[PDB]
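Trainee: One file is attached below, my_file.cif, containing mmCIF, N, CA and C atoms.
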data_coords
loop_
_atom_site.label_atom_id
_atom_site.label_comp_id
_atom_site.auth_asym_id
_atom_site.auth_seq_id
_atom_site.Cartn_x
_atom_site.Cartn_y
_atom_site.Cartn_z
N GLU A 9 -2.50 20.88 8.67
CA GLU A 9 -1.37 19.95 8.96
C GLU A 9 -1.86 18.62 9.51
N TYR A 10 -3.08 18.62 10.04
CA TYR A 10 -3.69 17.42 10.61
C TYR A 10 -3.89 16.33 9.56
N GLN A 11 -4.44 16.71 8.41
CA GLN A 11 -4.72 15.77 7.33
C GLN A 11 -3.45 15.12 6.79
N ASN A 12 -2.39 15.92 6.64
CA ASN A 12 -1.11 15.42 6.16
C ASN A 12 -0.49 14.43 7.14
N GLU A 13 -0.58 14.74 8.43
CA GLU A 13 -0.08 13.87 9.50
C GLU A 13 -0.93 12.61 9.65
N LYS A 14 -2.25 12.76 9.48
CA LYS A 14 -3.18 11.64 9.54
C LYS A 14 -2.90 10.65 8.41
N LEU A 15 -2.76 11.18 7.20
CA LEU A 15 -2.48 10.36 6.03
C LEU A 15 -1.14 9.63 6.14
N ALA A 16 -0.12 10.34 6.62
CA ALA A 16 1.21 9.77 6.85
C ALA A 16 1.16 8.61 7.82
N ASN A 17 0.41 8.79 8.90
CA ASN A 17 0.20 7.75 9.91
C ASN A 17 -0.54 6.54 9.33
N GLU A 18 -1.56 6.82 8.52
CA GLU A 18 -2.35 5.78 7.85
C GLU A 18 -1.51 4.96 6.87
N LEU A 19 -0.76 5.65 6.02
CA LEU A 19 0.13 5.00 5.05
C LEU A 19 1.23 4.19 5.74
N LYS A 20 1.74 4.70 6.86
CA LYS A 20 2.72 3.97 7.67
C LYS A 20 2.14 2.65 8.19
N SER A 21 0.88 2.69 8.63
CA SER A 21 0.18 1.51 9.15
C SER A 21 -0.05 0.46 8.08
N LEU A 22 -0.40 0.90 6.87
CA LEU A 22 -0.57 0.00 5.73
C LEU A 22 0.75 -0.66 5.37
N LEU A 23 1.81 0.13 5.38
CA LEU A 23 3.15 -0.37 5.08
C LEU A 23 3.68 -1.35 6.12
N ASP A 24 3.18 -1.24 7.35
CA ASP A 24 3.55 -2.16 8.43
C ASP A 24 3.06 -3.59 8.19
N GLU A 25 2.07 -3.75 7.32
CA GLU A 25 1.62 -5.08 6.92
C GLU A 25 1.99 -5.43 5.47
N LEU A 26 2.90 -4.66 4.88
CA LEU A 26 3.34 -4.93 3.51
C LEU A 26 4.04 -6.28 3.41
N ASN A 27 4.98 -6.53 4.31
CA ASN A 27 5.75 -7.76 4.29
C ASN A 27 4.90 -9.02 4.47
N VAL A 28 3.94 -8.97 5.39
CA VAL A 28 3.08 -10.12 5.65
C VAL A 28 2.16 -10.39 4.46
N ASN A 29 1.67 -9.32 3.85
CA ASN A 29 0.83 -9.44 2.67
C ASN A 29 1.61 -9.93 1.45
N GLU A 30 2.86 -9.48 1.31
CA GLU A 30 3.71 -9.94 0.21
C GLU A 30 4.00 -11.43 0.32
N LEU A 31 4.25 -11.89 1.55
CA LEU A 31 4.46 -13.31 1.84
C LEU A 31 3.21 -14.13 1.53
N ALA A 32 2.05 -13.55 1.82
CA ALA A 32 0.76 -14.19 1.56
C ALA A 32 0.51 -14.44 0.07
N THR A 33 1.06 -13.59 -0.80
CA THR A 33 0.88 -13.73 -2.25
C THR A 33 1.58 -14.96 -2.83
N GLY A 34 2.42 -15.59 -2.01
CA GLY A 34 3.13 -16.81 -2.41
C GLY A 34 2.20 -17.94 -2.80
N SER A 35 0.98 -17.92 -2.27
CA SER A 35 -0.02 -18.94 -2.56
C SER A 35 -0.95 -18.54 -3.71
N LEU A 36 -0.73 -17.36 -4.29
CA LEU A 36 -1.61 -16.82 -5.32
C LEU A 36 -0.94 -16.74 -6.68
N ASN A 37 -1.71 -16.38 -7.71
CA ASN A 37 -1.16 -16.03 -9.02
C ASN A 37 -0.03 -15.03 -8.85
N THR A 38 1.05 -15.20 -9.62
CA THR A 38 2.23 -14.33 -9.50
C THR A 38 1.94 -12.85 -9.79
N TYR A 39 0.78 -12.59 -10.39
CA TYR A 39 0.28 -11.22 -10.54
C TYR A 39 0.32 -10.46 -9.22
N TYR A 40 -0.14 -11.10 -8.15
CA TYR A 40 -0.27 -10.42 -6.86
C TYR A 40 1.08 -10.05 -6.25
N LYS A 41 2.04 -10.97 -6.35
CA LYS A 41 3.41 -10.75 -5.88
C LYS A 41 4.04 -9.56 -6.59
N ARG A 42 3.94 -9.54 -7.91
CA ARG A 42 4.51 -8.46 -8.72
C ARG A 42 3.83 -7.13 -8.40
N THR A 43 2.51 -7.16 -8.29
CA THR A 43 1.73 -5.94 -8.09
C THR A 43 1.96 -5.34 -6.71
N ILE A 44 2.04 -6.19 -5.69
CA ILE A 44 2.26 -5.69 -4.34
C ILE A 44 3.65 -5.06 -4.17
N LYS A 45 4.66 -5.62 -4.85
CA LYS A 45 6.01 -5.05 -4.83
C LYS A 45 6.02 -3.64 -5.42
N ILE A 46 5.36 -3.49 -6.57
CA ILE A 46 5.25 -2.20 -7.25
C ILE A 46 4.51 -1.18 -6.38
N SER A 47 3.35 -1.56 -5.86
CA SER A 47 2.54 -0.68 -5.02
C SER A 47 3.23 -0.38 -3.70
N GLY A 48 3.89 -1.39 -3.14
CA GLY A 48 4.64 -1.24 -1.90
C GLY A 48 5.79 -0.26 -2.04
N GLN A 49 6.54 -0.37 -3.14
CA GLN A 49 7.65 0.55 -3.43
C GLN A 49 7.18 1.99 -3.58
N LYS A 50 6.11 2.18 -4.34
CA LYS A 50 5.53 3.50 -4.55
C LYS A 50 5.02 4.11 -3.25
N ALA A 51 4.41 3.29 -2.40
CA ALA A 51 3.92 3.75 -1.10
C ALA A 51 5.06 4.18 -0.17
N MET A 52 6.17 3.44 -0.22
CA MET A 52 7.34 3.76 0.59
C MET A 52 7.95 5.09 0.18
N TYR A 53 8.08 5.31 -1.13
CA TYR A 53 8.58 6.59 -1.64
C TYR A 53 7.65 7.74 -1.25
N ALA A 54 6.35 7.50 -1.37
CA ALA A 54 5.35 8.52 -1.02
C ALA A 54 5.49 8.95 0.44
N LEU A 55 5.64 7.97 1.33
CA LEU A 55 5.75 8.24 2.77
C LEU A 55 6.99 9.06 3.10
N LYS A 56 8.09 8.79 2.40
CA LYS A 56 9.31 9.56 2.62
C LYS A 56 9.29 10.92 1.91
N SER A 57 8.43 11.07 0.90
CA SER A 57 8.22 12.36 0.24
C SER A 57 7.42 13.30 1.14
N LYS A 58 6.55 12.71 1.95
CA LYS A 58 5.64 13.42 2.86
C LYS A 58 4.67 14.37 2.13
N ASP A 59 4.55 14.19 0.81
CA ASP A 59 3.61 14.96 0.00
C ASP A 59 2.22 14.35 0.06
N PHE A 60 1.23 15.17 0.40
CA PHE A 60 -0.14 14.70 0.57
C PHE A 60 -0.67 13.94 -0.64
N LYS A 61 -0.51 14.53 -1.83
CA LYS A 61 -1.03 13.96 -3.07
C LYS A 61 -0.39 12.61 -3.41
N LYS A 62 0.92 12.51 -3.25
CA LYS A 62 1.63 11.25 -3.47
C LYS A 62 1.22 10.19 -2.46
N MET A 63 1.09 10.59 -1.19
CA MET A 63 0.65 9.67 -0.13
C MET A 63 -0.79 9.22 -0.31
N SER A 64 -1.66 10.14 -0.73
CA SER A 64 -3.07 9.82 -0.98
C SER A 64 -3.18 8.74 -2.06
N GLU A 65 -2.53 8.98 -3.19
CA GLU A 65 -2.52 8.04 -4.29
C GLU A 65 -1.92 6.69 -3.90
N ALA A 66 -0.84 6.72 -3.12
CA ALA A 66 -0.19 5.50 -2.65
C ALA A 66 -1.08 4.71 -1.68
N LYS A 67 -1.81 5.41 -0.81
CA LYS A 67 -2.75 4.75 0.10
C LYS A 67 -3.83 4.03 -0.70
N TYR A 68 -4.39 4.74 -1.68
CA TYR A 68 -5.42 4.19 -2.55
C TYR A 68 -4.92 2.92 -3.27
N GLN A 69 -3.75 3.02 -3.88
CA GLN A 69 -3.21 1.90 -4.66
C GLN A 69 -2.84 0.71 -3.78
N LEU A 70 -2.30 1.00 -2.60
CA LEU A 70 -1.90 -0.07 -1.69
C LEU A 70 -3.11 -0.76 -1.07
N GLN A 71 -4.12 0.02 -0.69
CA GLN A 71 -5.37 -0.56 -0.19
C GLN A 71 -6.04 -1.44 -1.25
N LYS A 72 -6.00 -0.99 -2.51
CA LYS A 72 -6.56 -1.75 -3.63
C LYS A 72 -5.98 -3.16 -3.71
N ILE A 73 -4.66 -3.26 -3.78
CA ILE A 73 -4.00 -4.57 -3.88
C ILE A 73 -4.18 -5.40 -2.60
N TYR A 74 -4.18 -4.74 -1.45
CA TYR A 74 -4.47 -5.44 -0.19
C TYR A 74 -5.86 -6.07 -0.23
N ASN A 75 -6.85 -5.32 -0.72
CA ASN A 75 -8.22 -5.84 -0.87
C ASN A 75 -8.29 -7.01 -1.84
N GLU A 76 -7.58 -6.90 -2.96
CA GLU A 76 -7.56 -7.96 -3.97
C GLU A 76 -6.91 -9.22 -3.42
N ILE A 77 -5.82 -9.05 -2.67
CA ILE A 77 -5.13 -10.16 -2.03
C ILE A 77 -6.06 -10.86 -1.04
N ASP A 78 -6.74 -10.07 -0.20
CA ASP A 78 -7.65 -10.60 0.81
C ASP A 78 -8.77 -11.45 0.20
N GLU A 79 -9.33 -10.96 -0.90
CA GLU A 79 -10.35 -11.68 -1.65
C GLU A 79 -9.80 -12.97 -2.23
N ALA A 80 -8.59 -12.90 -2.78
CA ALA A 80 -7.93 -14.04 -3.42
C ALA A 80 -7.58 -15.14 -2.42
N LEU A 81 -7.34 -14.76 -1.17
CA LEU A 81 -6.95 -15.70 -0.13
C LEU A 81 -8.13 -16.48 0.46
N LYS A 82 -9.35 -16.00 0.23
CA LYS A 82 -10.56 -16.66 0.73
C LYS A 82 -10.75 -18.06 0.15
#
Could you take the file, read its structure, and then write that structure out as structure tokens?

Mentor:
Amino acid sequence: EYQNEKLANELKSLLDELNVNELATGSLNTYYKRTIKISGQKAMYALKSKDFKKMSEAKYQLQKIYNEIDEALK
């Protein structure tokens, strides 16, 4: 149960910076805005599903776009 709770907490933390990251994409190619909305929505559903596999995949996908955004903002 620890891993499931740990992942839920981690995904919640990533989602806590979803809005700020989405706002940040305003200065980037519209690809980033569209992609973060999609990944953000999927991550939100995953967190409310509380399913490990859905949350794992959502963490991976959300971290991916966050990383791409961070690189793009440099």

Trainee: Let me make sure I understand: among A:19, A:77, A:36, A:31, which one has the smallest atom-to-atom distance to residue 52 of chain A if we use all atoms listed in the file?

Mentor: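 Ranking A:19, A:77, A:36, A:31 by distance to residue 52 of chain A, first place goes to A:19.
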
Trainee: Neighbouring residues of segment 53-56 of chain A were defined as those with any atom within 8 Å, considering all atoms listed in the file; residues of the same chain fewer than 3 positions away were excluded. Please report them as a ChimeraX atom specification.

Mentor: /A:15-16,19-20,47-50,59-64,66-67

Trainee: Interatomic distance between atom N of residue 70 of chain A and atom N of residue 51 of chain A?

Mentor: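 We find that atom N of residue 70 of chain A and atom N of residue 51 of chain A lie 7.1 Å from each other.
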
Trainee: Please, what is the axis-aligned box for every listed atom of segment 74-82 of chain A with 6 Å on each side, as centre and edge lengths in Å to one decimal, as JSON?

Mentor:
{"center_x": -7.5, "center_y": -11.4, "center_z": -1.6, "size_x": 18.6, "size_y": 25.3, "size_z": 16.8}

Trainee: Could you tell me how far atom C of residue 35 of chain A lies from atom C of residue 72 of chain A, in Å and to one decimal?

Mentor: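 If I compute the distance from atom C of residue 35 of chain A to atom C of residue 72 of chain A, I get 16.2 Å.
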
Trainee: Using only C-alpha atoms, find the one residue out of A:21, A:12, A:44, A:58 that sits nearest to residue 76 of chain A.

Mentor: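 Under the stated criterion, the closest residue is A:44.
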
Trainee: Quick one: residues within 7 Å of residue 30 of chain A, all atoms listed in the file, excluding same-chain residues fewer than 4 positions away - as a PyMOL selection string?

Mentor: chain A and resi 25-26+34+40-41+44-45

Trainee: Could you jot down the atom C of residue 17 of chain A to atom C of residue 82 of chain A separation for me, Å, one decimal place?

Mentor: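 Rounded to one decimal, the two atoms are 28.2 Å apart.
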